[PDB]
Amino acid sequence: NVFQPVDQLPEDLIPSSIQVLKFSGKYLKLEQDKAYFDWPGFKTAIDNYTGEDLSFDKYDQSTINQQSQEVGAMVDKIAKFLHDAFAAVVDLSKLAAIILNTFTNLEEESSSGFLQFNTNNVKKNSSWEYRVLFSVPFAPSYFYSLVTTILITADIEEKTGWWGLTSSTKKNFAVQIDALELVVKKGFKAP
């Protein structure tokens, strides 16, 4: 999948959540053998959505300049931003665990369709975009879907330099967080 699905939904809503994943996947842009989420395109599609089973709640973003810090500290900042803004959808502890485990297990998850690695030859650094979609219960025919992307950049030159990171590993890390909250109704189908 283009986004890693993370959800606590009853069976009757799973089909609709799958449609939300399908919907989001149409905005993945592949160029130069690299796949990145197309936020402008997706936001416009939501703005111009003439349906009746999908509603736009809010969209939050944060760009944090490079700071020398431990992986764990960085994950906590990401979790704080999302938890502060979407407390009804995310549990602080669990969210932090999910992000931390992803970035400390990149070697195994590298080939996943929801992660994209890249290097900047000039600056000699590198980055990973992590795409995750959280869905939780809102009638019980509604649920929240939080379309999320986390781009972490670090002063690591090669892809292999990301293997075996631990919560204590310190690097000059920068982060870009994007999260769009949707209210979806059972029966929703990707346009």
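Position 1 is the first residue in the sequence shown; the rest follow in order.
J.: Which fits the stretch between residue 138 and residue 139: none, 1 to 3, 4 to 9, or 10 or more deposited residues lacking coordinates?
T.: 1 to 3 residues are missing.
J.: Got a sec? Mean C-alpha B-factor, which is higher, 76 to 84 or 115 to 123?
T.: Per the deposited B-factors, the answer is 115 to 123.
J.: Using only C-alpha atoms and the B-factors in the entry, which stretch averages higher, 167 to 175 or 8 to 16?
T.: The stretch with the larger mean CA B-factor is 8 to 16.
J.: I'd like to know which of 145, 68, 48, 65 has the highest C-alpha temperature factor in the PDB entry.
T.: Of the options given, 48 has the highest CA B-factor in the PDB entry.
J.: Could you say which of 153, 44, 160, 61 has its CA atom at the highest B factor, as listed in the PDB entry?
T.: Out of 153, 44, 160, 61, the record gives the largest C-alpha B-factor to 44.
J.: For residue 89, does the deposited CA B-factor place it in the lowest, middle or highest third of the chain?
T.: It falls in the top third of the chain.
J.: How does residue 131 rank on Cα B-factor within its chain, lowest, middle or highest third?
T.: According to the entry, residue 131 has a C-alpha B-factor in the chain's lowest third.
J.: With respect to C-alpha B-factor, does residue 183 fall in the lowest, middle or highest third of the chain as deposited?
T.: Highest third, going by the recorded CA B-factors of the chain.
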